[PDB]
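Residue numbers (the working numbering): 120 to 250.
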């Protein structure tokens with residue numbers, strides 16, 4: 120059910136072993152709402168940072184230091200819930216921002232947007248099944 124959703128999430132690699140450690144917390148009585156709050160915070164942060172990145176990458180002159188700082192936040196957020204494919208994406212922005220390669224930042228943003236929407240959807244049914 121939820122067990123099979125969860126296995127699918129690891130087996131497809133949307134989440135790594137840190138996420139396992141997280142959910143071990145939810146499955147034990149004694150930390151109520153923790154998992155859900157951390158996950159939700161990832162869905163809200165990731166979502167707001169991706170929108171801000173999209174607006175920055177469409178300005179006439181791109182502030183590449185700011186894209187880089189926003190990505191760096193997205194990296195820490197994705198790392199908190201073990202969203203490894205997002206985190207790995209975030210890491211390819213460095214050379215892109217070094218080079219001031221708008222093309223490449225727009226492409227990596229779309230990759231990150233897709234991997235995010237996919238993990239988010241999983242997380243959302245995750246939480247709903249749990250309620």
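C-beta: ideal position from N, C-alpha, C; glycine also.
Could you check if residue 150 is buried or exposed, using at least 16 other CB atoms within 10 Å of its CB as the buried criterion?
Residue mapping note: residue 150 aligns to position 31 of the chain shown, counting from 1. Residue burial is scored here from C-beta neighbours: residue 150 has fewer than 16 other C-beta atoms within 10 angstroms and is therefore classed as exposed.
Please determine if the segment 191-201 and the segment 154-168 are in contact, where contact requires at least 3 C-beta pairs separated by less than 8 Å.
Counting C-beta pairs with one atom in each stretch, the segment 191-201 and the segment 154-168 have three or more that are closer than 8 Å, which means they touch.
Alpha carbon to alpha carbon, what distance is there between residue 163 and residue 147?
Position 28 of the chain shown, counted from the start, is the residue given in the question as residue 147. Position 44 of the chain shown, counted from the start, is the residue given in the question as residue 163. If you take the alpha carbons of residue 147 and residue 163, they lie about 25 Å apart.
If you scan the segment 141-179 from start to end, which runs of the alpha helix (DSSP H) of 4 or more residues do you find wholly inside it?
Residue ranges of uninterrupted alpha helix (DSSP H) with 4 or more members, entirely inside the segment 141-179 and ordered along the chain, are 153-175.
Report the residue from 179, 166, 213 whose alpha carbon sits nearest the alpha carbon of residue 188.
Stepping through the chain shown from its first residue, residue 188 is reached at position 69. Checking every option, the nearest Cα to that of residue 188 belongs to 213.
Go through the segment 170-233 residue by residue and report every complete run of the alpha helix (DSSP H) that reaches 4 residues or more, in order.
Given a length threshold of 4 residues, each whole run of the alpha helix (DSSP H) inside the segment 170-233 is given here in chain order: 183-199, 203-210, 212-217.
Proximity of residue 108 and residue 215 at Cβ, strictly below 7 Å:
Past the edges of the chain, shown from 120 to 250, lies residue 108, and the structure says nothing about it.
Taking the CB atoms as reference points, tell me whether residue 121 and residue 248 lie closer together than 7 Å.
Working through the chain shown from its first residue, we reach residue 121 at position 2. Working through the chain shown from its first residue, we reach residue 248 at position 129. The answer is yes: Cβ separation under 7 Å.
So, are the CB atoms of residue 242 and residue 205 less than 7 Å apart?
Within the chain shown, numbered from 1, the residue matching residue 242 stands at position 123. Within the chain shown, numbered from 1, the residue matching residue 205 stands at position 86. No, these two residues do not count as a Cβ contact at 7 Å.
Can you list, in chain order, the residues of its chain with a C-beta nearer than 8 Å to that of residue 153? Leave out the 5 residues immediately preceding and following it.
To locate residue 153, count along the chain shown from 1; it is residue 34. If we look at residue 153 and ignore the five residues flanking it on each side, its Cβ neighbours are 144, 145.
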